[PDB]
Amino acid sequence: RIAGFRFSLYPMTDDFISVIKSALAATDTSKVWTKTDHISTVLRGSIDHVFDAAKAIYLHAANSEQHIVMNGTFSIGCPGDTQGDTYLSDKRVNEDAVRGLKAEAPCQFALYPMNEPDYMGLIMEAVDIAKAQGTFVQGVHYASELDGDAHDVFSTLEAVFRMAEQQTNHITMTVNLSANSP
Amino acid sequence: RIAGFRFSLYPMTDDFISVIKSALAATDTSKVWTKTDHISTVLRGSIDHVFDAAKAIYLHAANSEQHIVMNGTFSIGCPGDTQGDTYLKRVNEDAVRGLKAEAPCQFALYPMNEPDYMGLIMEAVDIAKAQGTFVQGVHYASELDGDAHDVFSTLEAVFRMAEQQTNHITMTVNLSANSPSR
Ligand SMILES: Cc1ncc(C[n+]2csc(CCO)c2C)c(N)n1
Ligand SMILES: Cc1ncc(C[n+]2csc(CCO)c2C)c(N)n1
Ligand SMILES: Cc1ncc(C[n+]2csc(CCO)c2C)c(N)n1
Ligand SMILES: Cc1ncc(C[n+]2csc(CCO)c2C)c(N)n1
Ligand SMILES: [Ca+2]
């Protein structure tokens, strides 16, 4: 039960290389297995650590002040899946370093519960949590819109993710998060 | 059954608004319904029309000569799919005969509510192999490489197959043009 996040940062600026490089290096990534490549970075580990590093990387990137987007896919429970491209063993190591950092996280996201006859209800559940949390804006074709500070939106995304995986063995969730837009 | 592609363009440049605008306006978008928002664009129509328009957007954006990413989700066969928001022939093929771009790609296919989904994902890697676009498998995705013509040919091929064998599929894609690491 290793959580995964494959994501990309997109700094809308000539200074893109440094923003990417710097968001990654600024994060405490000691609690996740990481691999950066030409297209994307992948984090693997426990849900806490994956989500913790995800929010962190997002907040560092956003605090560059450039218009940045984080776009990626959260995954857990894929059948097979090596027991070891991971860091094993509970603390949200990034929490402290980033509680003075804030950011807007307008977001479009999609929940994909796999091999799951009740996936429609699971997604319906996902919408309810977002509504309950106050982060939900609207539904659009193929996704749901969220808005709020990084902390509230990332809360919403994790709660949805946690809810659904409690129910189904294999789930993916895509997120598309925008910071520092006009 | 109506195909959809919800995607974003990420120009890693200061000139990005103008890059996004240009790529959408340069394309012949008359055979797909479209809606652009502060985060993403959705195209809805037939499979030929969705992929035809998607490829032409990619080509136009790449030919800005700037590092640009197209990142998005193809979707067909959604149970609660509305009948509106669609256009009722690959209209761009001519216009883009002259265009070329590299299209290195990480994609991932999600057959929904499908017990044999891993077999379908097996199949998809094989198509990429059959067409010579497959590079390797990575955690949570597969890597293609080639020119836009073959990479986009592969994706639609993968998408068509899956959509024939099961009812609701999603496919994410992350395509990178003009990277300075190349
Ligand atoms: C999270 C994250 N990982 C990798 C890339 C891809 N990428 C693009 S430019 C570049 C080089 C910067 O030194 C890299 C690694 C990305 N966009 N986002
Ligand atoms: C958070 C969330 N919002 C919307 C969708 C969109 N969506 C995709 S398939 C589907 C119908 C369920 O049978 C719906 C509503 C999603 N997946 N996840
Ligand atoms: C395909 C595409 N659709 C929308 C956006 C989002 N977006 C970001 S800045 C902007 C204003 C440009 O006129 C828009 C629409 C995108 N990045 N890519
Ligand atoms: C096109 C395609 N390539 C690779 C994966 C990745 N992947 C995800 S789970 C899994 C094992 C089978 O369930 C594999 C290979 C994908 N999803 N879609
Ligand atoms: Ca046009």
# chains A, B, ... in the order shown; residues from 1 in each chain; ligands from 1
$ residues_near_ligand --ligand "ligand 1" --cutoff "9 Å" --atoms "only C-alpha atoms and all ligand atoms" --output "JSON, numbers by chain"
{"A": [6, 7, 8, 9, 10, 11, 16, 17, 18, 19, 20, 21, 22, 23, 24, 35, 36, 37, 38, 39, 40, 41, 42, 57, 70, 71, 72], "B": [12, 69, 176, 179, 180, 181]}
$ residues_near_ligand --ligand "ligand 5" --cutoff "7 Å" --atoms "only C-alpha atoms and all ligand atoms" --output "PyMOL selection string"
chain B and resi 24-29
$ write_last_selection --atoms "C-alpha atoms" --output "CSV table (one decimal), in the first residue's frame"
chain,number,residue,atom,x,y,z
B,24,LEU,CA,-6.0,27.7,-30.2
B,25,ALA,CA,-6.8,30.4,-32.8
B,26,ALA,CA,-4.3,28.9,-35.3
B,27,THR,CA,-6.2,25.6,-35.2
B,28,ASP,CA,-9.3,24.7,-37.1
B,29,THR,CA,-11.6,24.2,-34.2
$ select_by_dssp --residues "chain B" --states "strand (DSSP E)" --output "MDAnalysis selection string"
chainID B and resid 3:11 33:36 41:45 68:76 105:112 134:138 141:144 168:177
$ select_by_dssp --residues "chain A" --states "helix (DSSP H, G or I)" --output "count of residues only"
64
$ residues_near_ligand --ligand "ligand 3" --cutoff "10 Å" --atoms "only C-alpha atoms and all ligand atoms" --output "JSON, numbers by chain"
{"A": [12, 67, 69, 178, 181, 182], "B": [5, 6, 7, 8, 9, 10, 11, 16, 17, 18, 19, 20, 21, 22, 23, 24, 34, 35, 36, 37, 38, 39, 40, 41, 42, 43, 54, 57, 58, 61, 69, 70, 71, 72]}
$ residues_near_ligand --ligand "ligand 4" --cutoff "7 Å" --atoms "only C-alpha atoms and all ligand atoms" --output "list in words"
residues 78, 79 and 80 of chain A; 107, 108, 109, 110, 117, 118, 121, 122, 124, 125, 137, 139, 140, 141 and 142 of chain B
$ residues_around --residues "region 79-89 of chain B" --least-positions-apart "2" --cutoff "8 Å" --atoms "only C-alpha atoms" --output "PyMOL selection string"
chain B and resi 2+30-34+44-46+48-49+77+91+168
$ atom_distance --atom1 "atom 1 (C, counted along the ligand's line) of ligand 2" --atom2 "CA of residue 160 (chain A)"
7.9 Å
$ interface_residues --of "chain A" --to "chain B" --cutoff "6 Å" --atoms "only C-alpha atoms" --output "list in words"
residues 11, 12, 13, 14, 114, 115, 116 and 117 of chain A
$ closest_residue --among "A:140, A:93, A:132, A:50" --to "ligand 2" --atoms "only C-alpha atoms and all ligand atoms"
A:140
$ residues_around --residues "residue 143 (chain A)" --least-positions-apart "5" --cutoff "10 Å" --atoms "only C-alpha atoms" --output "PyMOL selection string"
(chain A and resi 107-111+138+174-176) or (chain B and resi 6+73)
$ write_last_selection --atoms "N, CA, C and O atoms" --output "mmCIF file, in the first residue's frame"
data_model
loop_
_atom_site.group_PDB
_atom_site.id
_atom_site.type_symbol
_atom_site.label_atom_id
_atom_site.label_comp_id
_atom_site.auth_asym_id
_atom_site.auth_seq_id
_atom_site.Cartn_x
_atom_site.Cartn_y
_atom_site.Cartn_z
ATOM 1 N N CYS A 107 -8.253 24.863 -8.566
ATOM 2 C CA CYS A 107 -7.890 23.483 -8.887
ATOM 3 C C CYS A 107 -9.005 22.824 -9.674
ATOM 4 O O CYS A 107 -10.171 23.085 -9.424
ATOM 5 N N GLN A 108 -8.634 22.021 -10.658
ATOM 6 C CA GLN A 108 -9.554 21.107 -11.324
ATOM 7 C C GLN A 108 -9.014 19.677 -11.103
ATOM 8 O O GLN A 108 -7.823 19.396 -11.355
ATOM 9 N N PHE A 109 -9.859 18.782 -10.600
ATOM 10 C CA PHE A 109 -9.398 17.431 -10.277
ATOM 11 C C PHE A 109 -10.393 16.355 -10.646
ATOM 12 O O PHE A 109 -11.585 16.607 -10.812
ATOM 13 N N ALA A 110 -9.886 15.141 -10.767
ATOM 14 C CA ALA A 110 -10.685 14.011 -11.237
ATOM 15 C C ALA A 110 -10.297 12.777 -10.422
ATOM 16 O O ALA A 110 -9.126 12.504 -10.239
ATOM 17 N N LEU A 111 -11.293 12.076 -9.897
ATOM 18 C CA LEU A 111 -11.100 10.838 -9.168
ATOM 19 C C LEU A 111 -11.401 9.638 -10.071
ATOM 20 O O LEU A 111 -12.491 9.577 -10.639
ATOM 21 N N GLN A 138 -17.493 24.268 -8.780
ATOM 22 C CA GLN A 138 -18.455 23.678 -9.717
ATOM 23 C C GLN A 138 -17.936 22.419 -10.360
ATOM 24 O O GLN A 138 -16.745 22.122 -10.300
ATOM 25 N N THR A 174 -6.275 12.731 -10.555
ATOM 26 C CA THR A 174 -5.507 13.792 -11.204
ATOM 27 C C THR A 174 -5.880 15.112 -10.589
ATOM 28 O O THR A 174 -7.036 15.345 -10.258
ATOM 29 N N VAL A 175 -4.874 15.958 -10.433
ATOM 30 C CA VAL A 175 -5.025 17.311 -9.939
ATOM 31 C C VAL A 175 -4.288 18.268 -10.898
ATOM 32 O O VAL A 175 -3.263 17.919 -11.506
ATOM 33 N N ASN A 176 -4.847 19.456 -11.060
ATOM 34 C CA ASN A 176 -4.311 20.502 -11.900
ATOM 35 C C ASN A 176 -4.447 21.778 -11.090
ATOM 36 O O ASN A 176 -5.532 22.356 -11.038
ATOM 37 N N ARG B 6 -9.834 17.313 -22.127
ATOM 38 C CA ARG B 6 -9.669 18.468 -21.272
ATOM 39 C C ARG B 6 -8.186 18.594 -21.083
ATOM 40 O O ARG B 6 -7.562 17.670 -20.561
ATOM 41 N N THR B 73 -6.434 15.087 -20.456
ATOM 42 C CA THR B 73 -7.157 13.857 -20.228
ATOM 43 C C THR B 73 -8.164 13.652 -21.353
ATOM 44 O O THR B 73 -9.094 14.447 -21.548
#
$ closest_residue --among "A:123, A:171, A:128, A:147" --to "ligand 2" --atoms "only C-alpha atoms and all ligand atoms"
A:123
$ atom_distance --atom1 "CA of residue 126 (chain A)" --atom2 "CA of residue 54 (chain A)"
19.5 Å
$ residues_around --residues "region 144-154 of chain B" --least-positions-apart "6" --cutoff "6 Å" --atoms "only C-alpha atoms" --output "number ranges by chain"
B: 101-105, 128, 133-135
$ closest_residue --among "A:85, A:68, A:45, A:92" --to "residue 28 (chain A)" --atoms "only C-alpha atoms"
A:92
$ atom_distance --atom1 "CA of residue 133 (chain A)" --atom2 "CA of residue 152 (chain A)"
8.0 Å
$ residues_around --residues "residue 26 (chain A)" --least-positions-apart "6" --cutoff "12 Å" --atoms "only C-alpha atoms" --output "PyMOL selection string"
chain A and resi 18-20+53+56-61+63-64+94+97-98
$ write_last_selection --atoms "N, CA and C atoms" --output "PDB file, in the first residue's frame"
ATOM      1  N   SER A  18      15.114  27.074 -13.028  1.00  0.00           N
ATOM      2  CA  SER A  18      15.479  27.329 -11.649  1.00  0.00           C
ATOM      3  C   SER A  18      14.279  27.138 -10.716  1.00  0.00           C
ATOM      4  N   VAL A  19      13.095  27.588 -11.125  1.00  0.00           N
ATOM      5  CA  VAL A  19      11.896  27.383 -10.329  1.00  0.00           C
ATOM      6  C   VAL A  19      11.682  25.901 -10.067  1.00  0.00           C
ATOM      7  N   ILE A  20      11.686  25.089 -11.122  1.00  0.00           N
ATOM      8  CA  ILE A  20      11.554  23.650 -10.928  1.00  0.00           C
ATOM      9  C   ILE A  20      12.628  23.185  -9.941  1.00  0.00           C
ATOM     10  N   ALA A  53       4.750  16.075   0.971  1.00  0.00           N
ATOM     11  CA  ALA A  53       5.783  16.594   0.076  1.00  0.00           C
ATOM     12  C   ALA A  53       5.136  17.346  -1.101  1.00  0.00           C
ATOM     13  N   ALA A  56       4.114  20.796  -0.005  1.00  0.00           N
ATOM     14  CA  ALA A  56       5.343  21.551   0.187  1.00  0.00           C
ATOM     15  C   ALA A  56       5.923  22.078  -1.142  1.00  0.00           C
ATOM     16  N   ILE A  57       6.228  21.154  -2.059  1.00  0.00           N
ATOM     17  CA  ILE A  57       6.731  21.458  -3.398  1.00  0.00           C
ATOM     18  C   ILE A  57       5.812  22.480  -4.012  1.00  0.00           C
ATOM     19  N   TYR A  58       4.503  22.322  -3.815  1.00  0.00           N
ATOM     20  CA  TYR A  58       3.598  23.279  -4.429  1.00  0.00           C
ATOM     21  C   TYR A  58       3.788  24.698  -3.869  1.00  0.00           C
ATOM     22  N   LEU A  59       3.941  24.789  -2.548  1.00  0.00           N
ATOM     23  CA  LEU A  59       4.061  26.057  -1.825  1.00  0.00           C
ATOM     24  C   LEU A  59       5.396  26.733  -2.073  1.00  0.00           C
ATOM     25  N   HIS A  60       6.470  25.959  -2.176  1.00  0.00           N
ATOM     26  CA  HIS A  60       7.751  26.523  -2.600  1.00  0.00           C
ATOM     27  C   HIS A  60       7.669  27.102  -4.006  1.00  0.00           C
ATOM     28  N   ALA A  61       7.227  26.305  -4.972  1.00  0.00           N
ATOM     29  CA  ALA A  61       7.004  26.793  -6.334  1.00  0.00           C
ATOM     30  C   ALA A  61       6.174  28.088  -6.361  1.00  0.00           C
ATOM     31  N   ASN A  63       5.687  30.261  -4.118  1.00  0.00           N
ATOM     32  CA  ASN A  63       6.323  31.365  -3.443  1.00  0.00           C
ATOM     33  C   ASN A  63       7.530  31.957  -4.184  1.00  0.00           C
ATOM     34  N   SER A  64       7.948  31.304  -5.272  1.00  0.00           N
ATOM     35  CA  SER A  64       8.770  31.944  -6.306  1.00  0.00           C
ATOM     36  C   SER A  64       8.128  33.210  -6.915  1.00  0.00           C
ATOM     37  N   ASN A  94       7.241  18.159   6.365  1.00  0.00           N
ATOM     38  CA  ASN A  94       7.186  19.479   5.747  1.00  0.00           C
ATOM     39  C   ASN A  94       6.322  20.525   6.484  1.00  0.00           C
ATOM     40  N   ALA A  97       8.177  23.732   8.246  1.00  0.00           N
ATOM     41  CA  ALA A  97       8.845  24.552   7.241  1.00  0.00           C
ATOM     42  C   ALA A  97       7.922  25.382   6.353  1.00  0.00           C
ATOM     43  N   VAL A  98       6.623  25.071   6.306  1.00  0.00           N
ATOM     44  CA  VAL A  98       5.704  25.711   5.340  1.00  0.00           C
ATOM     45  C   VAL A  98       4.402  26.282   5.935  1.00  0.00           C
TER      46      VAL A  98
END
$ closest_residue --among "A:112, A:5, A:33, A:51" --to "residue 151 (chain A)" --atoms "only C-alpha atoms"
A:51
$ closest_residue --among "A:158, A:95, A:65, A:118" --to "ligand 2" --atoms "only C-alpha atoms and all ligand atoms"
A:118
